[PDB]
Amino acid sequence: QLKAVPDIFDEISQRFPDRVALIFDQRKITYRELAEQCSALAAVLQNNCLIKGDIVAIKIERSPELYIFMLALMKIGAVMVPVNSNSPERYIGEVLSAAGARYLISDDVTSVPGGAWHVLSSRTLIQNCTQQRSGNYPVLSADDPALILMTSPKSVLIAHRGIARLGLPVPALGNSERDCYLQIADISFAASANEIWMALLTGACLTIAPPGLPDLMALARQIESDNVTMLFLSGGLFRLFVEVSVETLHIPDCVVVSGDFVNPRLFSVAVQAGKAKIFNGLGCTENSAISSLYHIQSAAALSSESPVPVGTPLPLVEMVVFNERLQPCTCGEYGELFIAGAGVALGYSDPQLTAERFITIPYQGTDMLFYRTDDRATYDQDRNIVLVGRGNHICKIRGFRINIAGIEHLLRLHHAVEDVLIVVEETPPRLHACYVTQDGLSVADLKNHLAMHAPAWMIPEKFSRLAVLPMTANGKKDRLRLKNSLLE
Ligand SMILES: Nc1c(O)cccc1C(=O)NS(=O)(=O)NC[C@H]1O[C@@H](n2cnc3c(N)ncnc32)[C@H](O)[C@@H]1O
């Protein structure tokens, strides 16, 4: 069985004490300095009557102190709720309510709403970090709660094992203590665990991006300056790198694209641009962090009809596609993706919604707790998991369902289409496909292209062009912002 996060960290801190752990600006912090500040801060937090099981929110910009407060909290057994410091105060009130946070630690204590949560100044708590008060800390299990995250807000509870599994080397990545990670993902977003905890729990180094919104070249110079070897990117951020500076994507050894569907020809240009291993992967909030990886072997693997696979599970993770009954699907057979293993969350805030998504199923001589993704998926001829839909991306046309995300892939296979979103609209229901291209195309060309790969009733009525498709600051297409933008 796994250990707790502070247990793995202390074992790493005494094994690689002189290796680099954090890099901010030009300053570097070793695992020994990080362990001392974490041990001192953990005793200070206990002297504020923060005990095991308490829910403490975190609102600190990208700083060396941000990750010390994380390691400090888990040590005392608290459950942290990270919130983006760039988020508006309306969203903070929702998250603090949905998480039931009893405390809040911040570097800007005034830009927050009032409520039942106590507000503490991280600028003050660091001042009281004496080298005297040593403290004594609880014994934590792998199933003890670690942090709380949100998803579109649903409140999700993550255990220690969900992020402690990242301390295991991934065979497809070949990571070790020699590597270096770039922390650019939002802390309130589960993809930041791929960067924070795969580094601090393996002896590797974590490069801290500037706070706020650094631009693309600010990240490109940093990947080259601090020699990042493991780069986790979102769909939109990966789209920008290929368009602008694709050469910077082959400085690291592995690049992992995750979070959303992406035009397959972006992977084709990315793999041809160098010899860095490019990955498509599945990340899920309810499975704590990154969950699967598919290595795009070459441009000849990029195919039509179906998008790029998400691959095979990470260590201590199990993923399987079930059909209309609980049994694995064959090749091509479409079903829903179920996930089990050390990454599965402890549940939602609603005990009934928890039971409607977490089910214990016997599988291979063992009762295993599965989470339902509501992602329609299938397999390829090599048992690589391939996503095709998401359940709420459907609609009835001529009495029969159609897959929204499936038509989007058939449209992206057109060489002129850069990207496309499709919207279900209300008429006395039809499809509206907003496309992007750089060369004037006719909407009859896109419809004629669709008829070669789709029946006549899987073709939208309206095609419109958007100078750009909206993003969510987490790198994925915002179908919500597009609909509200189409209300013009
Ligand atoms: N990206 C993450 C990460 O790297 C680490 C940890 C967490 C996340 C995260 O995304 N958590 S989340 O916000 O709850 N979203 C979950 C939903 O995203 C969609 N999704 C995810 N990957 C892909 C992909 N390759 N192709 C197409 N669609 C994808 C599916 O529908 C899925 O069910």
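Chemist: Teacher, can you tell me more about the packing of helix α2 (residues 31-46) against helix α3 (residues 64-76) here?
Modeler: When two helices pack together, you describe them by how their axes are tilted relative to each other and by the distance separating the axes. The geometry of α2 relative to α3 is characterised by a closest axis approach of 8 Å and an angle of 55° between their N-to-C directions. In terms of orientation, α2 lies oblique with respect to α3. Handedness of the α2/α3 crossing: right-handed. Every residue of α3 that contacts α2 at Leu 34, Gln 37, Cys 38, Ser 39, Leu 41, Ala 42, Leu 45 and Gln 46 is listed here: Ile 68, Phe 69, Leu 71, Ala 72, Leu 73, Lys 75 and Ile 76. The residue inventory of the contact of α2 with α3, partitioned by class, reads eleven nonpolar, three polar and one charged.

Chemist: Whenever I open this one, the environment of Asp 367 confuses me. Can you help?
Modeler: Along the chain, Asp 367 turns up in strand β20 (residues 367-379). Beyond its immediate sequence surroundings of up to four residues, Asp 367 is in contact with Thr 360, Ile 361 and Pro 362.

Chemist: Quick question: what am I supposed to make of the packing of aromatic side chains here?
Modeler: The relation between two aromatic rings is expressed through the spacing of the ring centres and the mutual angle of the planes. For the structure shown, the criterion picks out ten aromatic pairs. For the ring pair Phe 9 and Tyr 31, a centre distance of 6.2 Å and an interplane angle of 40° mean the geometry is tilted. On the criterion of sequence distance, the pair formed by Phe 9 in helix α1 (residues 5-15) and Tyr 31 in helix α2 is long-range, its members being 22 residues apart. In this structure, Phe 9 and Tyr 31 share a single accessibility class: buried. Taking the centre distance of 5.7 Å and the plane angle of 45° together, the rings of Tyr 348 and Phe 358 count as tilted. On the criterion of sequence distance, the pair formed by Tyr 348 in strand β18 (residues 347-348) and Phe 358 in strand β19 (residues 358-362) is long-range, its members being ten residues apart. Judged on exposure class, the residue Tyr 348 and its partner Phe 358 are both buried. In textbook terms, an aromatic cluster arises when at least three aromatic residues are bridged by ring pairs, as seen for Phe 322, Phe 338, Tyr 363 and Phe 370. The ring of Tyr 379 carries the charged tip of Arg 383 above its face, separated from the ring centre by 3.6 Å.

Chemist: Which parts of the structure should I look at to understand helix α13 (residues 443-453)?
Modeler: Since one α-helical turn is 3.6 residues long, residues separated by three or four positions face the same way. Residues of α13 that are buried include every one of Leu 446, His 449 and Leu 450, and no others. One side of α13 carries all its buried residues, which in axial view fall inside an arc of 100°. For α13, the exposed residues set more than 90 degrees away from the buried face come down to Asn 448 and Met 452. On the buried face of α13, the contacting elements are α12 (404-412), β25 (430-436) and β26 (462-465). Backbone nitrogen of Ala 444 and a side-chain oxygen of the N-cap are separated by 3.2 Å at the start of α13; the cap is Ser 442.

Chemist: What is the right way to read the site of the ligand from this model?
Modeler: Near the ligand, the surroundings consist of 21 residues, among which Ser 258, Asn 280, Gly 281, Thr 285 and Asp 375 are the closest. At 3.4 Å from an oxygen atom of the ligand is found a side-chain nitrogen or oxygen belonging to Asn 194. One nitrogen or oxygen atom from the side chain of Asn 280 is found 3.1 Å from a nitrogen atom belonging to the ligand. Coverage of the ligand by the protein amounts to 88% of the 650 Å² it exposes when considered alone. Of the residues contributing to the shell around the ligand, the split by class is ten nonpolar, eight polar and three charged.

Chemist: Sorry, what's going on with a negative patch on the surface here?
Modeler: Taken together, the side chains of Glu 61, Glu 65, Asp 107 and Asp 108 make up a negatively charged region of the molecular surface. Secondary-structure assignment places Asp 108 in the loop between β5 (103-106) and β6 (118-121).

Reading the values: the criteria
Residues numbered from 1 in each chain as written, not as in the entry; some residues may be left out. Heavy atoms only, no water. Residues with missing side-chain atoms left out of burial classes, pairs and counts. Axes fitted to C-alpha atoms, helices over the stretch in contact; angles between N-to-C directions. Helix = DSSP H or I, 4+ residues; strand = E, 2+ residues; numbered from the N terminus. Parallel < 35°, antiparallel > 145°, perpendicular 65-115°, else oblique. Left-handed = near helix turned anticlockwise from the far one by under 90°. Contact = heavy atoms within 4.5 Å. Nonpolar A, V, L, I, M, F, W, Y, C, P; charged D, E, K, R; others polar. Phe/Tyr/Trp six-rings, centres within 6.5 Å; stacked < 30°, edge-to-face > 60°. Buried < 20%, exposed > 50% of the residue type's maximum accessible area, 1.4 Å probe, protein only. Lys NZ or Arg CZ within 6 Å of the ring centre and 35° of its normal. Arc of directions from axis to C-beta. Polar contact = N/O pair within 3.5 Å; in protein donor to acceptor, adjacent residues only side chain to side chain. Near = heavy atom within 4 Å. Areas by Shrake-Rupley, 256 points an atom, 1.4 Å probe, with all protein chains shown as cover. Patch = residues over 30% accessible without salt bridge, like charges linked within 9 Å, V, L, I, M, F, W, Y side chains within 5 Å. Salt bridge = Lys/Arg side-chain N within 4 Å of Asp/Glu carboxyl O. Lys, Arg positive; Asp, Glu negative; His and termini not counted. Charge placed at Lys NZ, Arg CZ, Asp CG, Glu CD.

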